[PDB]
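Listing of entry_18.txt; format and content: compact mmCIF, C-alpha atoms.
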# COMPACT_ATOMS: atom_id res chain seq x y z
CA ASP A 1 4.25 -8.30 3.36
CA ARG A 2 1.63 -5.72 4.75
CA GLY A 3 -1.96 -4.64 3.37
CA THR A 4 0.05 -1.73 1.96
CA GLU A 5 2.20 -3.91 -0.29
CA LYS A 6 -0.85 -6.28 -1.18
CA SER A 7 -2.80 -3.21 -2.47
CA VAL A 8 0.04 -2.22 -4.89
CA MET A 9 0.02 -5.89 -6.04
CA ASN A 10 -3.78 -5.79 -6.78
CA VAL A 11 -3.54 -2.41 -8.68
CA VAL A 12 -0.64 -3.70 -10.91
CA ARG A 13 -2.39 -7.17 -11.48
CA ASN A 14 -5.46 -5.46 -13.10
CA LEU A 15 -3.40 -3.10 -15.25
CA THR A 16 -4.71 0.36 -14.17
CA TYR A 17 -1.37 1.77 -15.34
CA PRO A 18 -1.01 2.48 -19.21
CA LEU A 19 1.96 0.26 -20.23
CA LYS A 20 0.92 -1.69 -23.46
CA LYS A 21 3.96 -4.06 -23.00
CA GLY A 22 2.94 -4.35 -19.32
CA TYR A 23 4.19 -5.42 -16.04
CA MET A 24 6.53 -8.17 -14.63
CA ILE A 25 8.31 -9.16 -11.40
CA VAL A 26 11.83 -10.66 -11.07
CA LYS A 27 13.53 -11.75 -7.77
CA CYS A 28 16.56 -9.45 -7.02
CA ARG A 29 18.78 -12.36 -5.76
CA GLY A 30 19.68 -12.56 -2.10
CA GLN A 31 22.60 -11.22 -0.05
CA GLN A 32 24.20 -14.69 0.17
CA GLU A 33 23.62 -15.29 -3.51
CA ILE A 34 25.70 -12.20 -4.36
CA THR A 35 28.49 -13.18 -1.85
CA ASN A 36 29.51 -16.49 -3.51
CA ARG A 37 28.30 -15.90 -7.10
CA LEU A 38 26.18 -19.09 -7.20
CA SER A 39 25.30 -20.96 -10.50
CA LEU A 40 22.33 -19.63 -12.48
CA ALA A 41 20.70 -23.09 -12.46
CA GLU A 42 20.13 -22.65 -8.78
CA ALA A 43 18.78 -19.11 -9.31
CA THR A 44 16.26 -20.55 -11.86
CA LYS A 45 15.43 -23.31 -9.49
CA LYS A 46 15.01 -20.97 -6.51
CA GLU A 47 12.98 -18.32 -8.44
CA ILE A 48 10.37 -20.76 -9.91
CA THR A 49 9.94 -22.36 -6.46
CA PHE A 50 9.40 -19.03 -4.46
CA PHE A 51 6.65 -17.66 -6.77
CA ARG B 1 -18.32 11.86 21.40
CA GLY B 2 -15.64 13.14 23.85
CA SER B 3 -16.14 16.00 26.25
CA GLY B 4 -17.98 17.96 23.50
CA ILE B 5 -15.84 17.29 20.44
CA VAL B 6 -16.94 19.00 17.13
CA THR B 7 -15.54 20.04 13.74
CA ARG B 8 -12.85 22.81 13.69
CA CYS B 9 -12.31 22.75 9.96
CA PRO B 10 -14.80 21.61 7.25
CA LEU B 11 -14.81 17.79 6.91
CA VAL B 12 -15.26 15.85 3.60
CA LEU B 13 -16.53 12.28 3.93
CA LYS B 14 -16.40 10.16 0.78
CA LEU B 15 -18.01 6.78 0.75
CA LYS B 16 -18.10 4.11 -2.00
CA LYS B 17 -18.93 0.37 -1.42
CA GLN B 18 -16.29 -2.22 -2.97
CA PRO B 19 -15.84 -6.08 -2.60
CA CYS B 20 -12.12 -5.46 -1.75
CA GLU B 21 -11.05 -5.51 1.86
CA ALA B 22 -11.62 -2.52 4.09
CA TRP B 23 -9.35 0.48 3.63
CA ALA B 24 -9.49 4.10 4.68
CA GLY B 25 -7.11 7.06 4.00
CA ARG B 26 -6.97 10.74 4.64
CA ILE B 27 -5.79 14.00 3.10
CA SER B 28 -4.11 17.01 4.82
CA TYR B 29 -4.32 20.38 3.30
CA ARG B 30 -0.57 20.50 2.62
CA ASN B 31 -0.95 18.07 -0.14
CA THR B 32 -0.12 14.96 1.86
CA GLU B 33 -2.05 11.68 1.54
CA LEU B 34 -1.93 9.19 4.41
CA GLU B 35 -2.67 5.37 4.43
CA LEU B 36 -4.87 4.40 7.45
CA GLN B 37 -5.31 0.58 6.58
CA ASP B 38 -8.47 -0.69 8.34
CA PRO B 39 -10.82 2.17 9.48
CA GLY B 40 -10.31 1.73 13.32
CA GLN B 41 -7.46 4.26 13.19
CA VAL B 42 -9.80 6.81 11.53
CA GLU B 43 -11.56 8.39 14.52
CA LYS B 44 -8.50 9.64 16.30
CA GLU B 45 -6.46 10.55 13.17
CA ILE B 46 -9.31 12.91 11.84
CA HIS B 47 -9.40 14.85 15.08
CA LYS B 48 -5.54 14.83 15.10
CA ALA B 49 -5.68 16.18 11.51
CA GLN B 50 -7.94 19.09 12.26
CA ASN B 51 -5.76 20.09 15.31
CA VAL B 52 -2.47 20.58 13.41

Is it possible to express this structure as structure tokens?
Amino acid sequence: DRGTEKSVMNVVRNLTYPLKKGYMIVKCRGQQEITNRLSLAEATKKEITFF
Amino acid sequence: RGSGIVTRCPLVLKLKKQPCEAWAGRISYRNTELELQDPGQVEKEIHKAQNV
């Protein structure tokens, strides 16, 4: 959310770190998603939409 | 400017132009970096730094 977290995002985007197989981001799934154990089709649908 | 404010410790100012948004930070001599975000918070924090 803050300039603090947007700086980390810029520094990873440009690959200043060494990793030859690089970076990635996944959503963690929400607190209500874990409660009911919702179908993975909705997690795919949710994830693609949020990015 | 204050009521006569001046350096109590040596003070190291490092300046580099960049197209990225304004950011300042600071370093204490106990091996602690601090994020200041935009440089408005600088003036008070660098006196506050010297004091401690």

Spatial neighbours of residue A:29, 12 Å, only C-alpha atoms, chain gap at least 4 places, as a PDB file with C-alpha atoms, keeping the file's coordinate frame:
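Saved as out14.pdb:
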ATOM      1  CA  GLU A  33      23.620 -15.290  -3.510  1.00  0.00           C
ATOM      2  CA  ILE A  34      25.700 -12.200  -4.360  1.00  0.00           C
ATOM      3  CA  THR A  35      28.490 -13.180  -1.850  1.00  0.00           C
ATOM      4  CA  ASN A  36      29.510 -16.490  -3.510  1.00  0.00           C
ATOM      5  CA  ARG A  37      28.300 -15.900  -7.100  1.00  0.00           C
ATOM      6  CA  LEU A  38      26.180 -19.090  -7.200  1.00  0.00           C
ATOM      7  CA  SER A  39      25.300 -20.960 -10.500  1.00  0.00           C
ATOM      8  CA  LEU A  40      22.330 -19.630 -12.480  1.00  0.00           C
ATOM      9  CA  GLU A  42      20.130 -22.650  -8.780  1.00  0.00           C
ATOM     10  CA  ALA A  43      18.780 -19.110  -9.310  1.00  0.00           C
ATOM     11  CA  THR A  44      16.260 -20.550 -11.860  1.00  0.00           C
ATOM     12  CA  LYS A  46      15.010 -20.970  -6.510  1.00  0.00           C
ATOM     13  CA  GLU A  47      12.980 -18.320  -8.440  1.00  0.00           C
ATOM     14  CA  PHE A  50       9.400 -19.030  -4.460  1.00  0.00           C
TER      15      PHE A  50
END

| field | Check: which chain A residues lie within 12 Å of chain B using all atoms listed in the file, as JSON, numbers by chain | value | {"A": [2, 3, 4, 5, 6, 7, 10, 11]}

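Of the listed residues (B:9, B:25, B:1, B:32), B:25 comes nearest to residue B:45; the distances count only C-alpha atoms.
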
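You can rank B:40, B:28, B:13, B:7 by their closest distance to residue B:52 using all atoms listed in the file, and at the top of that list sits B:28.
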
| request: In Å, rounded to a single decimal, give me how far atom CA of residue A:49 is from atom CA of residue A:30. | output: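 Answer for the atom CA of residue A:30 to atom CA of residue A:49 separation: 14.5 Å.
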
| What separation in Å, quoted to one decimal, exists between atom CA of residue A:41 and atom CA of residue A:12? |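 Going from atom CA of residue A:41 over to atom CA of residue A:12, I get 28.9 Å.
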
| field | Atom-to-atom span, atom CA of residue B:41 and atom CA of residue B:6, Å | value | 18.0 Å

Specify the axis-aligned box that encloses all atoms of stretch 9-27 of chain B listed in the file after padding of 4 Å on each side, stating its centre and edge lengths in Å to one decimal as AutoDock Vina command-line options.
--center_x -12.4 --center_y 8.3 --center_z 3.5 --size_x 21.1 --size_y 36.8 --size_z 20.9

| message | I want to know what sits within 12 Å of residue B:5, based on only C-alpha atoms, with residues of the same chain fewer than 6 positions away left out; could you give that as a list in words? | response |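 Counting only C-alpha atoms, the residues come to residues 43, 44, 46, 47, 48, 50 and 51 of chain B.
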